[PDB]
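# A structural walkthrough
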Amino acid sequence: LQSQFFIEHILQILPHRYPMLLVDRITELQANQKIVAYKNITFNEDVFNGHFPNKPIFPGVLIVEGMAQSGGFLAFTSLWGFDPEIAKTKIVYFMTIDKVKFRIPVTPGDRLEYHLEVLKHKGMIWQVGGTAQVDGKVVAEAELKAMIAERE
Amino acid sequence: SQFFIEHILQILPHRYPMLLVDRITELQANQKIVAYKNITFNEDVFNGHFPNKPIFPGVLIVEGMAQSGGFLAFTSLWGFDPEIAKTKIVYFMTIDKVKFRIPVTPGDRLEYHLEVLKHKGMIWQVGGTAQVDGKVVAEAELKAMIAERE
Amino acid sequence: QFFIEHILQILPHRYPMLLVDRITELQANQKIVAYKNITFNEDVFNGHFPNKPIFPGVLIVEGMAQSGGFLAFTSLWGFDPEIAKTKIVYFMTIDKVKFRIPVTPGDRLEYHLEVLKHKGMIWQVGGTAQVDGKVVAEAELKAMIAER
Amino acid sequence: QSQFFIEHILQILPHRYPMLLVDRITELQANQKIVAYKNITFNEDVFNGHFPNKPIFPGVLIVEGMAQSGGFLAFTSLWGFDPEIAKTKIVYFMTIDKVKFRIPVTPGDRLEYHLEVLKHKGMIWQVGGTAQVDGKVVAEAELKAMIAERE
Amino acid sequence: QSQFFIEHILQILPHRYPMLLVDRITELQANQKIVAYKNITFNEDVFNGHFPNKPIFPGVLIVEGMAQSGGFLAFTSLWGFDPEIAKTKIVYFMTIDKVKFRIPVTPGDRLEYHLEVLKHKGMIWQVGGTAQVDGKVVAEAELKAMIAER
Amino acid sequence: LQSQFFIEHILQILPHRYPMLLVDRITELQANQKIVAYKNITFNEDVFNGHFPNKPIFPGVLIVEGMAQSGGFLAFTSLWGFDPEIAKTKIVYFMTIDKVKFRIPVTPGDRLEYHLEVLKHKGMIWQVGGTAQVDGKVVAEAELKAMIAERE
Ligand SMILES: Cc1cc(O)c2c(c1)C(=O)c1cc(O)cc(O)c1C2=O
Ligand SMILES: Cc1cc(O)c2c(c1)C(=O)c1cc(O)cc(O)c1C2=O
Ligand SMILES: [Cl-]
Ligand SMILES: [Cl-]
Ligand SMILES: [Cl-]
Ligand SMILES: [Cl-]
Ligand SMILES: [Cl-]
Ligand SMILES: [Cl-]
C-alpha cells in the first residue's frame, strides 16, 4: 500500500462522481491508523452559485462529507489494499456523525486538508475522527462511524 | 404558519444549488418548525451520488435541517421581515448526535422536524428529525449563531 | 410500484430530461399513474423564471409523454431492460393541451395517462397532470418508439 | 425595429438560462408575424440526457422556442421596445394544439421559428406556425400564451 | 467520407460536454484541410459568466474548437473513420501561435473552422487557419500537436 | 493599493463570472509591472466532465484564459486602483495570443500559479507575457494582448 494517491487512483476506489467527489489527492496513508488528504477549493465550483451569491463560502456539511470520503478510502484500503475490482462492489455509508465544530470559513483559494485517524474498527464498521485544516489551522473537527456495505 | 418557496427566498440567502427547503408547513415561534424538500431525480447531485444508484446525500439532509432551523430562529425573533433578513446571517457552529437510518431517494418528500432545544441571546440550539412518509430517516442536533451580515 | 431504478432500466431519458420519479399504477394497454417531485433544487428554475419559480408547461407535457412511454414499453415487451436499451422515443404529435394551474417547487406532479389508440411502435395517449387532487393540465399526444 | 440580437432579446423576454431558447430575430411585423431562430449545438446541457450517444433536441423545447418567439412579438406589438416595462412581465402558456413533429432536430441545425398571429386580445396572444431547418418544415404548432405582470 | 455529423464526431474525439466544441464537419481532404463548424447559442453554460448581459463566446474556446478540428483532420488522415483505433490515441497540443481575434463571436453565429495542414513530420502535426462567421474572418491561429498512444 | 486580494476583491474588479472566472486569489502585485495569482484546480469542476472522461486534464486554453484574467486584473488596478464603481463599466477583450507552450499537464489537486509581467501598455491596450506554474515548475508559457473596453 502506497501513501500517496492521485485523482486517477481515488476514482478507482471511491464511487462518488461529480459533483460529490470531494477529495482530490491523498498525501499520506497508514493502514488501520490514518489518512491525510485534501481538496482544492476554487470559485469555479457550482456550489458557490448558491452559497452564497457574492459571498463564496464552502458548505460546512461538504467539509464533513470530504472528511468521510477520506475515511472511507482509508477503511477500504486498510482491508483490501488498492483493489479497484473489489471497490466496485462495496460502498461506504454514514451511520453517525458527532462532535462537529466549524471554526473558520473555507473559501476559494483554500487547500482543504483532511486529517482522519482510526478510533476503532471491527470488520466493516469503522469509527474515524479528525479535522479539516487550511494552512495549518483547524477549520473544522468531526467524528463519524461508517459501514462498508455491499453495493448490491 | 405556511410559507412557500417565494417567501423562503426572501428570508434565506441560500440559492441554487444549495437552497434545500421548498416549503414550510408548520411554525411556532421559539418552539418548532415542520418543512420539507421534494427529492427528484432531476437534481444535479444525483449525477455523482451515485451513478446508477441515486441517494440524497446524508450531509445534505443535515443541511436541510439546518436551513429549517435557521428559518425558525430568524422568524421567531423578527417574523417575516425580508429587510432585516438581509442584515443578518445565521451560520452553524456545531452539529451533534447525527444518525442516518433510511436512505432518501427520488420520489421522497423529505420532511424536516426541528424544535428549539434551548436559546440564549443569538445562540440557538435546535434538534429533531428528517422524515419520509412518517418514518424517521435521520436525526440531528445543531447549534447556530445569528450575526450581522459582513 | 416501479421506482427510479426501474424507470431508468426502461426509459432512455437521462438527466436533465428524465422527468418521472416513480410509477404508482400500471395497467397494460389501459392506463398509467405516475409522478415527479418538483423542488427548487432543479436547474430549470434558474431561467423559468428568476425570482419566480414555475415548472415549464412544456416539461409537464414531456413528463406525461414519458409516463406514456413507460406504459408503451411495458405493454409491448413487459419489463425487459435488454430490449429497452436499444430503443429511444420520438414525439409525433401534441394536441388539446390546456394549462390551468401553475406547478411550483414543493408540488408533487402526478401524471394520469390512458391509451387512446396504438399500433406497432406508434402510441397515442391522453390524460391529465394533477397536483393534490386538482387538474393542473390536460393533454393528448402520440409518440413513436424506435431503434437507436 | 425588424431585426434584434440576443442583447435585445434579453431585454424583452423574461426567460433566462437554461430556458431562453431564441438567439436572434430576423424579421418582425407588429401584430402580424415574426421570424427568429435558435442555433442548436452539442454544447447544451439538455443533450446529456436526450439522449445518451444520440443528441436530439426535445420536441417540447422546439414548441417552447416558438412560444418565446410569439412572446417577443406579443410584447413589442403591445408596448414597443420597452425594457423597463418588460422587466416585470412573465409569460404563461395557456394552450397548445395541432403540433406535429416531422424531422428530428440535431446539433448543428439552425432552428428557425416562423410565427403568425391568429388572434389576440389584450394580453392573450394566439399564434401558430412552424419551425424550420434549411428551409424544410421540421415542426408545426399552434399555441396561446398570456403576458402577465409579476405580482 | 467528406461530411461527418455529431454522432460521427463523438466516435473519433474523446472530448465530451462541456468541452466538445465541434458540431459538424462539412469538408475533409485527407492530409490537406478540414472545414467544420459549431453553432453558438445563448443556451450554453459558459455564457452565464462570459459575460453577464453581454454574451461573448470566449476567444480561447474558438481556438480550442480550431484545435479539435485539426485533431480530427490529423486522426482521420492517418486511420480514416476508425472509432476503435480512435479509443487508443490522444492528440496532445504542444503549442499555439499567431492568434488574432478580429470580430467577437456571439449567440446566433455559425462559427466555421477552416484548418489546413502546415507541416507533418512523424508524430508531429502543424495546422493553421481561421474561424469565420458568414464569410468574414473572425479569428486566426496556428497550432502544433503530437500523436501518441492513449 | 495592496498586494493581496481574495476572491471577494477579484469579484469586484473582473467582470468574469461562473463558469469563466478562473482566478481565485492574487498573491503579489506591482502596478504596471507584474502580478502573481493562482487558481486552485479541483475535480469538482464541470469542465472535467468532458475533458476528459476518466482522465481529468485542465484545458490548456483555460490556463491561457486564466493568465489573461490575471493580466486584466493588473491592467485595471494599475489605471484605476481598486475601484468597483468603474470596474463594472468594462469588459476585457482578447486581441492576440502568441508563443504558447504546454509543457506539463495540469490536474485536480494542482495549485495553478500565474506569473505575468507587463511587456507593453498604452491606454486600454495591455500586453503581458509569462508562465503558469505548479509547485515551482513551468507548466505553460504564453504571451497575450488584451483591451479594456466600455461595456457600452
Ligand atoms: C468561523 C465561521 C465558521 C463558519 O462555518 C461560518 C462563518 C464563520 C461565517 O462567518 C459565515 C458567514 C456566512 O455569511 C455564511 C456562513 O455559512 C458562514 C459560516 O459558515
Ligand atoms: C482521433 C483523436 C484522438 C484524440 O485522442 C484526440 C483527438 C482526436 C483530438 O482531435 C484532440 C484535439 C484536442 O484539441 C485535444 C485532444 O486531446 C485531442 C485528442 O486527444
Ligand atoms: Cl456552511
Ligand atoms: Cl449519504
Ligand atoms: Cl409555462
Ligand atoms: Cl422529441
Ligand atoms: Cl474573448
Ligand atoms: Cl489541453
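Residues numbered from 1 in each chain as written, not as in the entry; some residues may be left out. Chains lettered and ligands numbered in written order. Heavy atoms only, no water.

In the PDB archive, X-ray crystallography is given as the structure determination method for this entry, at a resolution of 2.30 Å.

## Focus on the site of ligand 2
Stated formally: It suffices for a single heavy atom of a residue to lie within 4 Å of a molecule or strand for the residue to be listed as near it. We call two N or O atoms a polar contact when they sit within 3.5 Å, provided that within protein one can donate a hydrogen and the other can accept it, with sequence-adjacent residues counted only if both atoms are side-chain atoms. Every accessible area reported is derived by Shrake-Rupley at a probe size of 1.4 Å, with residue values counting cover from the shown protein chains alone. Think of it this way: any DSSP run of H or I at least four residues long counts as a helix, any run of E at least two long counts as a strand, and we number them from the N terminus.
Close to ligand 2 lie 16 residues; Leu13, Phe75, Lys89, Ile90 and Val91 of chain E are nearest. Two or more chains meet at ligand 2, and those chains are chains E and F. Between an oxygen atom of ligand 2 and a main-chain N or O atom of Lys89 of chain E, the distance comes to 2.6 Å. A distance of 2.9 Å separates an oxygen atom of ligand 2 from a polar atom in the backbone of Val91 of chain E. Against a free-state accessible area of 410 Å², the protein chains account for coverage of 94% of ligand 2. For the shell around ligand 2, the secondary-structure elements that each account for two or more residues are α2 (59-79) and β3 (89-101) of chain E. Top element by residues in the shell around ligand 2 is α2 of chain E. It accounts for six residues.

## Notes on the environment of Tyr16 of chain B
Short version of the rule: Residue exposure (1.4 Å probe, protein chains only): buried if accessible area is under 20% of the type maximum, exposed if over 50%, otherwise partly exposed. Contacts are assigned to residue pairs that have any heavy atoms within 4.5 Å of one another.
For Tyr16 of chain B, the position within the fold is in the loop between α1 (5-11) and β1 (23-28). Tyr16 of chain B sits in the buried class, given a relative accessible area of 7%. Spatially, the C-alpha atoms of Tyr16 of chain B and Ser76 of chain B are 25 Å apart, while their sequence positions differ by 60 residues. Once residues lying within four places of it in the same chain are set aside, the contact partners of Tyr16 of chain B are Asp46, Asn49 and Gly50 of chain A, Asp44 of chain B together with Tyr15, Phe40, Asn41, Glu42, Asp43 and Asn46 of chain C.

## Details of the environment of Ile9 of chain E
Residues and elements named next belong to chain E. On the secondary structure map, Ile9 appears in helix α1 (residues 6-12). The spacing of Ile9 and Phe81 is 72 residues in sequence and 9.4 Å in space, taken between C-alpha atoms. Excluding anything up to four places from it in sequence, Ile9 contacts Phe4, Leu20, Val22, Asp23, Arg24, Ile25 and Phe72.

## Section: the interface of chain A and chain B
Short version of the rule: A simple way to read buried area is as the amount of 1.4 Å-probe accessible surface that goes missing from two parts once joined, with both sides added. Each reported salt bridge corresponds to a side-chain nitrogen of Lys or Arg within 4 Å of a carboxyl oxygen of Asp or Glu. Amino acids are sorted into nonpolar (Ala, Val, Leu, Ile, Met, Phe, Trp, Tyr, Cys and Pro), charged (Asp, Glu, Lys and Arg) and polar (every other residue, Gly among them).
At the interface, 30 residues of chain A touch 30 residues of chain B. Roughly 2500 Å² of surface becomes buried between chain A and chain B when both sides are summed, with 66% attributable to carbon and sulfur atoms. When the buried area of chain A at its contact with chain B is split by residue, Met20, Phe52 and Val61 of chain A rank highest and sum to 20% of it. Taken together, the links from chain A to chain B amount to zero salt bridges. Seen at the junction of chain A and chain B, the total is eleven residue pairs in polar contact. For the side of chain A that touches chain B, the secondary structure elements donating two or more residues are α2 (60-80) and β4 (90-102) of chain A. With eleven residues, the top contributor of residues to the side of chain A that touches chain B is β4 of chain A. Grouping the amino acids of the side of chain A that touches chain B by side-chain chemistry returns 17 nonpolar, five polar and eight charged.

## Observations regarding the packing of α2 of chain A against helix α2 (residues 58-78) of chain B
Applicable threshold: Orientation is described by lines fitted to C-alpha atoms, with helices fitted over the stretch in contact, and by angles between N-to-C directions that extend from 0 to 180 degrees. Geometric relationships in this document are graded by angle, where less than 35 degrees denotes roughly parallel, more than 145 denotes roughly antiparallel, 65 to 115 denotes roughly perpendicular, and other angles denote oblique. Two helices crossing with the near one rotated counterclockwise from the far one by less than a right angle form a left-handed crossing, whereas a clockwise rotation gives a right-handed crossing.
Across the interface, α2 of chain A lies against α2 of chain B with an axial gap of 9 Å and an inter-helix angle of 160°. In terms of axis orientation, α2 of chain A runs roughly antiparallel to α2 of chain B. α2 of chain B is crossed by α2 of chain A, and the crossing has right-handed handedness. Taking contact as the criterion, the partners of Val61, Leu62 and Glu65 of chain A in α2 of chain A are, on α2 of chain B, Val59, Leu60, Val62 and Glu63 of chain B. In terms of residue class, the contact of α2 of chain A with α2 of chain B is made up of five nonpolar, no polar and two charged.

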